[PDB]
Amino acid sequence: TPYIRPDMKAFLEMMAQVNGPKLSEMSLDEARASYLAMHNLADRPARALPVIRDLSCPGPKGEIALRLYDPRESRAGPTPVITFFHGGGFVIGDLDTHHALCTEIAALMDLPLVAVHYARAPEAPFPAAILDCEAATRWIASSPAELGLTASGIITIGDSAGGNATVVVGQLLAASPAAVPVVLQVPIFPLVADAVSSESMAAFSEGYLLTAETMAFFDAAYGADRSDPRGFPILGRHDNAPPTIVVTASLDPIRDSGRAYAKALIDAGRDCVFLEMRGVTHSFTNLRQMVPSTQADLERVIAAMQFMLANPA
């Protein structure tokens, strides 16, 4: 029996009684609404902030909707800017599903944070999400007047599929720089390497929130090519990776995908903080109300981010 925290186990037992439908059996609107409901149920409430502002930026296919978060009433001087990419398999999730987590990261970092509402599958398959995430990051990095920030660097961060986007965007910008560098990247339980035949996939593919059926659903909707580094960034370039914090969860079927990325960075001689949260599942960053110990996990990631930013190579 894999180690599991008491509060994590109680939450899994509750979710097992719900016995909700598979994502493949829902309409896309129902799946997307169900995900918002799950985070509203399980996560802490959003913090009140002086700056929570909707805006847009030009993208390859039209405007990309963004949301700016800042705990400060004003921030006119040069600053790193956090660029956040939500999870959801590239199919579900939006600015509202991860809203509470965004207010939390912004408040605890005391930094501005921009969340990206990238184009989702299946309506817009791979590579649409990546190209939106890249375009938004390059735009933020240009210090546009409508954001009101003077960016000195970019901090990329994202959970799950958003952790995939984090690494892909970092590789695209390492190859072809934006106006400022990525000064820190934080992929959180990310999909970096293909998970299909991993040991963690065999061990945790049922009963730990993220299921094999869900992974297959996301896989079919997104349609990423297995040999394309923009789909599976373990295949991308690592010897110029930005400073990195890789976060995994010990009970996660795609745990070994994030582990593989940390090892690839080490193989390339690149600094990496590896944090594996013990006894919790995939999605733990959004379970902070009903699994209270996950707030402490998030705060450890925050402290790692502050350490890395204050102590660059």
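Sequential numbering from 1, following the sequence displayed.
Just going by the entry, 288-296 versus 13-21 on mean CA temperature factor gives the higher value to 13-21.
Mean C-alpha B-factor is higher over 204-212 than over the other stretch, the pair under comparison being 204-212 and 113-121.
The residue among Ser250, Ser56, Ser257, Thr244 whose C-alpha carries the highest B-factor in the deposited model is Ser56. Taking the deposited Cα B-factors for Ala128, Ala175, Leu147, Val182, the highest one is held by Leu147.
Placement of the Cα temperature factor of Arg47 within the chain: highest third of the modelled residues, per the deposited record. Sorting the modelled residues of the chain by their CA temperature factor places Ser198 in the highest third. Per-chain ranking of the deposited C-alpha B factor places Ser74 in the highest third. Per-chain ranking of the deposited C-alpha B factor places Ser283 in the middle third.
The PDB entry assigns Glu276 a C-alpha temperature factor belonging to the lowest third of its chain's modelled residues.
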